[PDB]
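Engineer: Please see the structure below; I have some questions.
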Amino acid sequence: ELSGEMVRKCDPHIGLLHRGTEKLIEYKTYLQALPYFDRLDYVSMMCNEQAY
Amino acid sequence: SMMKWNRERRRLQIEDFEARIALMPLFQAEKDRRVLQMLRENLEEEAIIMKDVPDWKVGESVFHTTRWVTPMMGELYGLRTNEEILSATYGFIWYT
Amino acid sequence: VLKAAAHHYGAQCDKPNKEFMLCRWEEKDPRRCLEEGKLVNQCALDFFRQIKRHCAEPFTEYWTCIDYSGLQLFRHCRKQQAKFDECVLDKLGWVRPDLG
Amino acid sequence: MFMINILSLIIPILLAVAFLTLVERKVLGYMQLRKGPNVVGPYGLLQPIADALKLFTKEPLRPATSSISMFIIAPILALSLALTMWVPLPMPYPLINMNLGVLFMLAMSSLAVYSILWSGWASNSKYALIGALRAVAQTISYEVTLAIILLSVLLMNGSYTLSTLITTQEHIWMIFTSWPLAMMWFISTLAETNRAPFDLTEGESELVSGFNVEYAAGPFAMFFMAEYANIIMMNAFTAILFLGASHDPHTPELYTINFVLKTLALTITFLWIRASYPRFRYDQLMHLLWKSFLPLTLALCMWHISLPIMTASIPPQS
Amino acid sequence: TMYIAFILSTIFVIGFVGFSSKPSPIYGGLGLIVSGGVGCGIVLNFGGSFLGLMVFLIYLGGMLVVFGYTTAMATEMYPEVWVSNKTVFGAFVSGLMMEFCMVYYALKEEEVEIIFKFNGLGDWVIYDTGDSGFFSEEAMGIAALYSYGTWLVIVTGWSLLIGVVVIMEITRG
Amino acid sequence: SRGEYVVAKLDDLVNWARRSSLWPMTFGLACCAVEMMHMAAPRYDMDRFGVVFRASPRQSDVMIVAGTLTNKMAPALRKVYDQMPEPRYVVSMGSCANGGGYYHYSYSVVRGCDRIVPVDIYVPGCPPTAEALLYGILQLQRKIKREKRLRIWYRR
Amino acid sequence: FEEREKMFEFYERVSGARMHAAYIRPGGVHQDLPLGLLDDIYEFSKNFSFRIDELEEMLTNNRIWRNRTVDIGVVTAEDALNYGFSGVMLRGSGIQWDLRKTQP
Amino acid sequence: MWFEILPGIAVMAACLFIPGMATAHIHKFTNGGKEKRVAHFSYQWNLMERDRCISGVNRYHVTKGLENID
Amino acid sequence: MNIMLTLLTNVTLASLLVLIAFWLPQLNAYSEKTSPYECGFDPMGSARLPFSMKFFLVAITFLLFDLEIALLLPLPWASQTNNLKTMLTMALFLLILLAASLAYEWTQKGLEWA
Amino acid sequence: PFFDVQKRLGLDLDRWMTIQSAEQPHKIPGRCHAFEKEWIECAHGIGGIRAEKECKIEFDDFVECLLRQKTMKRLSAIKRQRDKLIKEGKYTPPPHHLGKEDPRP
Amino acid sequence: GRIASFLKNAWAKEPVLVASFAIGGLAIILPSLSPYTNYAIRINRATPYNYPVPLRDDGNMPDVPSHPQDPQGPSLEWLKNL
Amino acid sequence: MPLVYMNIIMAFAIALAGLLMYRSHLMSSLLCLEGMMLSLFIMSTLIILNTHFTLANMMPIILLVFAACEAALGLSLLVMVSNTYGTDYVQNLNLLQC
Ligand code: SF4
């Protein structure tokens with residue numbers, strides 16, 4: 001919501017990239033779920049692997 | 001540097017103005033002779049053009065004073081060709 | 001051509017030109033100074049006649065240079081000006097008027 | 001013969017704009033460790049032609065919410081004025097010699113703004129309206145400073161005649177006399193053409209495409225051509241005003257070349273600035289132009305009024 | 001081309017009708033733009049280069065701030081054009097008809113007296129045959145503002161400063 | 001005939017301009033958009049081929065679907081595609097945009113952008129390398145080079 | 001991004017993928033480092049410092065960049081913790097917390 | 001490398017050099033091989049008009065020298 | 001009349017470019033394509049709704065500043081007078097008043113937005 | 001209430017632009033300087049009531065100079081009669097009026 | 001004391017305004033304290049924009065120069081050496 | 001008088017009629033005011049140039065200055081009405097009667 005160019009309200013609408021990773025992981029083994037974390041933060045991949 | 005150059009330019013402008021002043025009397029003489037000749041030609045052609053019209057005095061002054069009044073553009077080039085009228089009117093303004 | 005010889009023309013034809021200007025600026029009527037206007041042209045023609053007889057070629061070089069520039073500047077033809085002044089100072093004895 | 005002169009001042013300018021697009025792309029690339037267009041033609045020399053043919057063979061779309069008349073008039077005004085602001089430029093001889101060519105340039109720029117305004121307004125889109133309002137704010141910020149700086153630097157010229165600028169700088173560039181005004185004028189020209197650190201009307205990273213977001217194919221090409229033609233023309237104005245060039249009346253080519261090279265250098269610096277700085281916020285643009293330039297422009301206007309009188313160096317009127 | 005000034009004046013009247021019919025202020029803006037440019041053309045044709053360029057420049061800058069406001073205050077969900085409302089179109093057509101009638105009456109009938117006496121001859125006639133010399137008489141007269149018109153300068157400057165003050169006082173709530 | 005030769009030469013001129021000045025829109029959805037940025041990186045330099053990343057869809061010629069096309073995103077992708085003035089092309093980058101990729105059996109993933117927009121070139125990979133995307137774009141230029149649009153018109 | 005390209009082939013030379021290496025797996029990594037990889041990483045990291053300094057030359061002291069970033073999006077320390085911020089979003093407000101130091 | 005930008009700069013240089021040269025050459029062609037005379041002020045325009053009449057051919061560029069007198 | 005010729009040529013060239021742009025390419029138009037652009041989603045409100053100016057005072061004062069710039073333009077010719085003292089005093093007076101108006105607007109927080 | 005403070009204190013605030021016959025920069029005369037001078041010198045000190053009727057010839061000449069209404073009427077009559085004569089072929093414009101003779105310098 | 005602190009603070013926080021007031025201040029004071037302002041006035045008077053209309057000689061004008069270039073009258077020799 | 005004078009006077013009359021005949025917005029009334037000011041400028045300029053009233057060539061500039069001063073006054077009043085009522089409609093100015 002902009003009053004001129006001043007931001008009165010900022011409402012982030014997300015889910016346009018919601019691919020259901022957490023649900024898809026439940027149907028795959030622990031090894032098969034590892035590549036899913038590479039795609040979570042696709043700018044920092046190997047860090048996501050380390051956390052998993 | 002700009003001070004020196006501007007002073008020199010002022011001297012050059014003064015010299016050009018002096019040249020214009022020297023040339024001015026001849027131009028004034030030519031201008032007055034040309035204006036008088038054009039007025040005479042207009043009067044002569046008017047004497048023929050409006051001879052039939054009743055009560056039309058030819059060359060009648062429009063002012064009460066018996067003094068020289070510089071003629072307007074329409075009083076000099078009134079019956080000249082359109083090209084000459086356009087020149088003498090808008091030539092300096094339209095020349096770029 | 002007039003601008004090239006203007007400085008010498010003003011000095012030599014001063015007397016008849018000034019009389020005509022005084023007439024025009026006192027009569028305030030062009031028809032009362034035609035005779036003085038005629039004497040301006042006669043003296044102007046006589047001024048150029050002397051140039052043609054003593055400084056023909058150097059003067060022709062001078063005004064051709066001036067004619068080239070669109071502003072008809074005097075500072076782009078000082079070399080030709082000196083040639084014209086030198087001949088005129090010798091053959092005719094005229095001296096160009098100073099500044100102002 | 002005058003029509004031939006008009007064509008020889010318009011068509012070469014359009015070709016220069018077309019190749020300036022390529023020059024900008026290649027300069028940005030080589031300043032970004034890249035290579036500009038290099039496949040289409042030798043060294044990319046055929047890229048502008050491909051771009052033009054693509055744009056003019058591309059389908060133009062007329063927005064459903066757009067006011068057609070203004071939407072079509074805006075691009076025409078932009079290009080026509082961009083091509084007209086070259087008419088009075090002295091290189092070395094101006095096509096049209098005006099006693100007040102400078103004020104003519106100012107008026108022509110002021111009118112060109114309405115192209116962005118109407119294009120934005122008529123586009124009938126939120127981003128286009130934002131772009132138009134940003135253009136309004138931009139012209140509010142620079143116009144006064146632009147005029148004041150131009151007046152101050154022309155106070156040593158003696159008149160608004162553009163041709164006289166060549167004579168005034170016959171011994172020395174006028175930038176050696178007004179380099180603070182030169183810097184401020186350069187920044188004002190950057191802001192005016194909606195250019196580097198002042199690309200707010202278009203705002204690629206903030207407004208998608210700004211006022212021309214709803215323009216496609218031909219009209220978009222016309223706006224781009226008008227923008228780059230204004231860039232080259234303003235850089236030419238900067239060249240003649242401050243970076244004076246020698247003019248031998250018998251060999252005008254000498255001036256023409258020197259002039260062209262200086263204008264090319266200024267355009268290259270425009271691209272250089274485009275690929276070196278982040279974009280301003282137009283609030284900050286207006287604050288800068290109103291609170292750092294304008295006071296200084298007024299002070300330097302006082303100084304350049306007083307200086308010729310106090311030094312007996314008033315330039316000739318004619 | 002001997003009636004360029006008359007054509008420009010007719011376009012002046014056309015633009016005045018255009019922004020007098022009251023379309024959307026946006027369209028009134030371009031109406032005033034056309035009128036100002038054509039008036040600059042007329043003044044240029046009469047020898048007023050500086051004056052004509054001055055009206056052109058000022059109104060060009062002034063109508064810009066008006067446009068800014070038209071999009072901020074006078075913004076109608078459906079902005080109206082000269083062919084959008086029968087009232088606006090009626091005013092536009094009436095103005096055009098009035099202008100055309102007066103032009104026809106003035107041209108075909110040489111001497112026309114509506115309120116003043118107008119002569120049908122070209123405007124070139126009234127021009128003077130004098131020589132200004134190495135002068136731009138309009139420019140010199142205008143520049144005489146700082147030498148002759150010191151009082152005018154003082155009053156105008158004071159009015160402009162007081163105008164700034166008045167604007168700030170008005171737009172403060 | 002002379003008519004076919006002129007049309008064929010005109011068709012080549014039209015095709016050459018379109019294929020050599022392709023303007024993709026800045027439209028990236030997921031992991032594949034990062035590798036798309038590396039095609040514009042100095043090493044590969046898509047701008048070198050005339051491929052310039054315009055922002056507005058109305059000033060673009062190619063839509064490179066780079067990333068997963070979720071159900072929530074599908075109407076947005078179609079409208080942005082529809083606002084592209086013809087001739088427009090779609091290049092599907094990555095297995096996510098090709099047939100759903102890793103998320104093919106997902107409740108909120110469209111099984112390929114082909115179900116939403118017609119696709120001209122399919123670039124395989126997860127993510128395809130910056131050369132693979134560049135190969136697909138250069139393949140698109142060849143596909144445009146084989147477009148006899150005017151030549152068919154002369155024979156309609 | 002040219003340096004980002006050089007690091008991408010470090011991913012590719014050790015896993016076979018430029019971005020999604022799937023290299024770090026539960027229990028260690030997938031494959032040992034190929035011979036000569038450590039030397040090439042050293043060569044990259046040797047000259048990468050200048051790249052950062054070139055980046056700072058264009059942004060750190062640029063008055064335009066500072067105008068666009070200084071006093072923009074100010075987050076208080078208390079709000080950052082309550083709103084769940086982490087990483088730079090915490091340490092940018094003065095909060096001294098790094099999960100590599102406190103919980104290595 | 002960086003000199004690869006030079007061809008485009010040279011093409012633009014030629015395209016910007018054409019206008020100036022063309023204007024100068026056209027001015028010389030239409031003014032008898034001389035610079036086109038400027039008429040910034042009415043005095044210069046009056047000089048131009050007198051020169052046109054003096055020429056007799058209704059062209060100001062052709063100038064009559066001392067040969068015309070007498 | 002030469003300036004009129006130049007203006008006519010430029011306008012005709014621009015309009016011819018518009019004509020070629022709108023009549024050379026193959027046109028295929030439908031409702032979705034010509035819809036307003038709002039970054040892929042449908043706009044909420046009309047673009048012809050009021051758009052508040054946070055710098056309105058700046059514009060209203062830019063009016064008077066443009067007036068003062070119009071007043072200052074005749075200065076190059078004004079320096080050619082014999083009354084240089086009076087001319088200089090009046091020019092500096094106008095510039096001082098312009099600076100004073102700017103200062104008053106600045107100190108009273110007029111140049112600030114919102 | 002015309003409080004004539006200018007005539008009292010001797011100041012000249014606006015009397016320098018009231019007429020075109022006053023001093024002007026570089027002595028650029030007005031187009032009707034002579035007529036206005038005659039009208040002003042005629043009607044100086046005699047009062048407005050007398051000036052309206054007595055110095056009426058001077059004022060009429062001044063107005064004619066300013067607007068040229070009667071001169072334009074005469075020129076229009078001449079033009080109309082010339083056009084009517086040309087339509088009937090009773091007149092032939094002279095060569096110097098037809099652009100056939102070189103105008104004097 | 002206070003002036004030095006104010007000026008140092010002024011040029012440390014708002015250096016733009018410090019220069020503008022200094023430049024503006026000089027433009028008002030320097031012209032009065034100059035020997036060339038009178039020369040600037042004389043140059044403007046010297047330039048002959050309009051014709052020097054002659055006056056009728058009554059015989060009692062000793063200094064008025066009835067001549068082309070004889071010594072009487074004003075001289076621009078000062079401008080030549082400027 | 002020349003026909004250009006007639007056209008300019010007619011333009012002034014049309015602008016005056018427009019200003020006197022409001023429709024909805026206060027912006028259009030200010031437009032008619034500016035149009036009348038422009039017409040007066042053109043009239044005065046033509047009169048001064050035609051009669052070679054050199055010293056009076058500064059009059060149109062002063063007229064323009066006070067014209068845009070009145071325009072700024074109008075713009076400020078316009079913003080206050082919009083701030084107080086939401087629209088610049090001339091019908092909102094209704095509290096003061098008779
Ligand atoms: S194809 Fe692979 S890398 Fe590309 S967006 Fe889909 S999951 Fe990410």
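Numbering starts fresh at 1 for the residues of each chain in the structure tokens, the chains themselves are lettered A, B, ... in the order given, and ligands are numbered from 1 as they appear.
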Please, which residues have at least one atom within 7 Å of an atom of ligand 1, using only C-alpha atoms and all ligand atoms, listed as a ChimeraX atom specification?
Structural biologist: /A:39 /F:30-32,66-68,94-97,101-102,125-127
Engineer: Mind dumping the selected residues with N, CA and C atoms as a PDB file, in the first residue's frame?
Structural biologist:
```pdb
ATOM      1  N   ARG A  39      18.337 -27.865  -3.155  1.00  0.00           N
ATOM      2  CA  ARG A  39      17.389 -26.977  -3.810  1.00  0.00           C
ATOM      3  C   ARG A  39      16.683 -26.029  -2.849  1.00  0.00           C
TER       4      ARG A  39
ATOM      5  N   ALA F  30      13.612 -20.292  -9.824  1.00  0.00           N
ATOM      6  CA  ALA F  30      14.265 -21.179  -8.870  1.00  0.00           C
ATOM      7  C   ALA F  30      15.721 -21.425  -9.240  1.00  0.00           C
ATOM      8  N   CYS F  31      16.301 -22.488  -8.666  1.00  0.00           N
ATOM      9  CA  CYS F  31      17.721 -22.808  -8.825  1.00  0.00           C
ATOM     10  C   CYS F  31      18.241 -22.518 -10.227  1.00  0.00           C
ATOM     11  N   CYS F  32      17.446 -22.823 -11.255  1.00  0.00           N
ATOM     12  CA  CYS F  32      17.893 -22.608 -12.625  1.00  0.00           C
ATOM     13  C   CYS F  32      18.119 -21.141 -12.956  1.00  0.00           C
ATOM     14  N   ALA F  66      12.793 -20.630 -15.980  1.00  0.00           N
ATOM     15  CA  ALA F  66      13.935 -21.192 -15.263  1.00  0.00           C
ATOM     16  C   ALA F  66      13.512 -21.418 -13.818  1.00  0.00           C
ATOM     17  N   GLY F  67      13.048 -22.628 -13.530  1.00  0.00           N
ATOM     18  CA  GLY F  67      12.646 -22.968 -12.182  1.00  0.00           C
ATOM     19  C   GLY F  67      11.331 -23.711 -12.107  1.00  0.00           C
ATOM     20  N   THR F  68      10.943 -24.111 -10.900  1.00  0.00           N
ATOM     21  CA  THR F  68       9.688 -24.824 -10.720  1.00  0.00           C
ATOM     22  C   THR F  68       8.513 -23.887 -10.963  1.00  0.00           C
ATOM     23  N   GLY F  94      15.717 -26.443 -17.211  1.00  0.00           N
ATOM     24  CA  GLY F  94      15.701 -27.286 -16.033  1.00  0.00           C
ATOM     25  C   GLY F  94      14.595 -28.320 -16.077  1.00  0.00           C
ATOM     26  N   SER F  95      14.819 -29.433 -15.376  1.00  0.00           N
ATOM     27  CA  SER F  95      13.827 -30.501 -15.361  1.00  0.00           C
ATOM     28  C   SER F  95      12.582 -30.099 -14.582  1.00  0.00           C
ATOM     29  N   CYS F  96      12.703 -29.123 -13.678  1.00  0.00           N
ATOM     30  CA  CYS F  96      11.530 -28.643 -12.955  1.00  0.00           C
ATOM     31  C   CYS F  96      10.525 -27.990 -13.891  1.00  0.00           C
ATOM     32  N   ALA F  97      10.998 -27.177 -14.831  1.00  0.00           N
ATOM     33  CA  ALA F  97      10.123 -26.541 -15.805  1.00  0.00           C
ATOM     34  C   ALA F  97       9.809 -27.433 -16.995  1.00  0.00           C
ATOM     35  N   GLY F 101      10.388 -32.281 -12.744  1.00  0.00           N
ATOM     36  CA  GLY F 101      11.674 -32.588 -12.152  1.00  0.00           C
ATOM     37  C   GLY F 101      11.554 -33.346 -10.846  1.00  0.00           C
ATOM     38  N   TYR F 102      12.308 -32.871  -9.849  1.00  0.00           N
ATOM     39  CA  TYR F 102      12.301 -33.477  -8.523  1.00  0.00           C
ATOM     40  C   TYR F 102      10.922 -33.435  -7.878  1.00  0.00           C
ATOM     41  N   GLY F 125      18.531 -30.631 -17.574  1.00  0.00           N
ATOM     42  CA  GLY F 125      19.506 -30.439 -16.516  1.00  0.00           C
ATOM     43  C   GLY F 125      18.813 -30.071 -15.220  1.00  0.00           C
ATOM     44  N   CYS F 126      19.549 -30.205 -14.119  1.00  0.00           N
ATOM     45  CA  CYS F 126      19.033 -29.853 -12.797  1.00  0.00           C
ATOM     46  C   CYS F 126      20.173 -29.353 -11.922  1.00  0.00           C
ATOM     47  N   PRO F 127      20.626 -28.111 -12.136  1.00  0.00           N
ATOM     48  CA  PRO F 127      20.262 -27.196 -13.222  1.00  0.00           C
ATOM     49  C   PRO F 127      21.097 -27.472 -14.464  1.00  0.00           C
TER      50      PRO F 127
END
```
Engineer: So that I can check the secondary structure, give me every residue of chain F assigned helix (DSSP H, G or I) by backbone DSSP, as a ChimeraX atom specification.
Structural biologist: /F:2-20,31-39,46-49,57-59,74-82,94-99,101-103,113-115,130-145,149-153
Engineer: Need to verify the contact set: region 3-5 of chain L, 10 Å, only C-alpha atoms, exclusion of same-chain residues closer than 5 positions in sequence. Can you return it as a CSV table (one decimal) with N, CA, C and O atoms, in the first residue's frame?
Structural biologist:
```csv
chain,number,residue,atom,x,y,z
E,3,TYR,N,0.0,35.3,-44.4
E,3,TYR,CA,-0.9,35.2,-43.3
E,3,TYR,C,-0.5,34.2,-42.2
E,3,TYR,O,-1.3,33.6,-41.6
E,5,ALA,N,0.9,34.8,-39.3
E,5,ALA,CA,0.4,35.3,-38.0
E,5,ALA,C,-1.0,35.0,-37.7
E,5,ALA,O,-1.5,34.7,-36.6
E,6,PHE,N,-1.9,35.2,-38.8
E,6,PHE,CA,-3.3,35.0,-38.6
E,6,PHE,C,-3.6,33.5,-38.4
E,6,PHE,O,-4.4,33.2,-37.6
E,7,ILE,N,-2.9,32.6,-39.1
E,7,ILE,CA,-3.0,31.2,-38.9
E,7,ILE,C,-2.7,30.8,-37.4
E,7,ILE,O,-3.3,30.1,-36.7
E,8,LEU,N,-1.5,31.4,-37.0
E,8,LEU,CA,-1.1,31.1,-35.6
E,8,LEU,C,-2.1,31.6,-34.6
E,8,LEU,O,-2.3,31.0,-33.6
E,9,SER,N,-2.7,32.8,-34.8
E,9,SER,CA,-3.7,33.3,-33.9
E,9,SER,C,-4.9,32.5,-33.9
E,9,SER,O,-5.6,32.3,-32.9
E,10,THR,N,-5.3,32.0,-35.1
E,10,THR,CA,-6.5,31.1,-35.1
E,10,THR,C,-6.2,29.8,-34.3
E,10,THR,O,-7.0,29.3,-33.6
E,42,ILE,N,3.8,33.6,-32.7
E,42,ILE,CA,3.3,34.9,-33.1
E,42,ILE,C,4.3,36.0,-32.7
E,42,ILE,O,4.7,36.9,-33.5
E,103,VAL,N,-13.9,34.6,-38.0
E,103,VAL,CA,-12.8,34.6,-39.0
E,103,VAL,C,-13.4,34.8,-40.4
E,103,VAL,O,-12.9,35.6,-41.2
E,106,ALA,N,-14.6,38.4,-40.7
E,106,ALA,CA,-13.5,39.3,-40.8
E,106,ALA,C,-12.8,39.2,-42.2
E,106,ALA,O,-12.4,40.3,-42.7
E,107,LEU,N,-12.7,38.0,-42.7
E,107,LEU,CA,-12.0,37.9,-44.0
E,107,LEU,C,-12.8,38.3,-45.2
E,107,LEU,O,-12.4,39.2,-46.0
E,112,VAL,N,-14.6,44.8,-40.2
E,112,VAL,CA,-15.5,44.1,-39.3
E,112,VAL,C,-15.5,44.8,-38.0
E,112,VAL,O,-14.4,45.2,-37.4
E,116,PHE,N,-14.7,46.1,-31.3
E,116,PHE,CA,-13.8,47.1,-31.9
E,116,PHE,C,-13.8,47.0,-33.4
E,116,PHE,O,-14.4,46.1,-34.0
E,117,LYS,N,-13.1,47.9,-34.1
E,117,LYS,CA,-13.1,47.9,-35.5
E,117,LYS,C,-11.8,47.2,-36.0
E,117,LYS,O,-10.7,47.6,-35.7
E,118,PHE,N,-12.0,46.1,-36.7
E,118,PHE,CA,-10.9,45.2,-37.2
E,118,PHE,C,-10.8,45.3,-38.7
E,118,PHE,O,-11.9,45.3,-39.4
E,119,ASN,N,-9.6,45.5,-39.2
E,119,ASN,CA,-9.4,45.5,-40.6
E,119,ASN,C,-8.9,44.2,-41.2
E,119,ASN,O,-8.0,43.5,-40.6
E,120,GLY,N,-9.5,43.8,-42.3
E,120,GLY,CA,-9.2,42.5,-42.9
E,120,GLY,C,-7.9,42.3,-43.6
E,120,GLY,O,-7.5,41.2,-44.0
E,121,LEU,N,-7.1,43.4,-43.7
E,121,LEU,CA,-5.8,43.3,-44.4
E,121,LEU,C,-4.9,42.5,-43.5
E,121,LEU,O,-5.1,42.3,-42.3
E,122,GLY,N,-3.8,42.1,-44.2
E,122,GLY,CA,-2.8,41.3,-43.5
E,122,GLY,C,-2.0,42.1,-42.4
E,122,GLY,O,-1.9,43.3,-42.5
E,123,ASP,N,-1.5,41.4,-41.4
E,123,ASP,CA,-0.8,42.0,-40.3
E,123,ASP,C,0.5,42.6,-40.7
E,123,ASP,O,1.1,43.4,-40.0
L,10,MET,N,-10.4,37.8,-28.7
L,10,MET,CA,-11.4,36.8,-28.6
L,10,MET,C,-10.9,35.6,-27.8
L,10,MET,O,-11.7,35.0,-27.0
L,11,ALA,N,-9.6,35.3,-27.8
L,11,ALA,CA,-9.0,34.2,-27.0
L,11,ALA,C,-9.2,34.6,-25.5
L,11,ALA,O,-9.5,33.8,-24.7
L,42,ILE,N,0.3,38.1,-24.6
L,42,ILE,CA,0.5,38.2,-26.1
L,42,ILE,C,0.0,39.5,-26.6
L,42,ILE,O,0.7,40.2,-27.4
L,43,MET,N,-1.1,40.0,-26.1
L,43,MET,CA,-1.7,41.3,-26.5
L,43,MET,C,-0.7,42.4,-26.1
L,43,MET,O,-0.4,43.2,-27.0
L,46,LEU,N,2.5,42.3,-28.3
L,46,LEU,CA,2.3,42.7,-29.7
L,46,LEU,C,2.2,44.2,-29.7
L,46,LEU,O,2.7,44.9,-30.6
L,47,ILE,N,1.4,44.8,-28.7
L,47,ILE,CA,1.3,46.3,-28.7
L,47,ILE,C,2.6,47.0,-28.5
L,47,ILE,O,2.9,48.0,-29.2
```
Engineer: Dump as a ChimeraX atom specification the residues of chain L that approach chain J to within 7 Å, counting only C-alpha atoms.
Structural biologist: /L:1,51-56
Engineer: Would you list the contacts of residue 58 (chain H) as an mmCIF file with N, CA and C atoms, in the first residue's frame, taking every protein, DNA or RNA residue within 9 Å and counting only C-alpha atoms, but skipping same-chain residues closer than 6 positions in sequence?
Structural biologist:
```cif
data_model
loop_
_atom_site.group_PDB
_atom_site.id
_atom_site.type_symbol
_atom_site.label_atom_id
_atom_site.label_comp_id
_atom_site.auth_asym_id
_atom_site.auth_seq_id
_atom_site.Cartn_x
_atom_site.Cartn_y
_atom_site.Cartn_z
ATOM 1 N N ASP H 51 23.261 44.598 -50.810
ATOM 2 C CA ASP H 51 24.204 43.793 -51.628
ATOM 3 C C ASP H 51 23.416 43.048 -52.709
ATOM 4 N N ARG H 52 22.242 42.517 -52.360
ATOM 5 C CA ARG H 52 21.421 41.750 -53.333
ATOM 6 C C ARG H 52 21.055 42.661 -54.508
ATOM 7 N N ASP J 102 14.902 46.407 -61.172
ATOM 8 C CA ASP J 102 15.741 46.292 -59.988
ATOM 9 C C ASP J 102 15.459 47.449 -59.035
#
```
Engineer: Using only C-alpha atoms, can you tell me which of J:82, J:100, J:15, J:56 comes closest to chain B?
Structural biologist: J:82
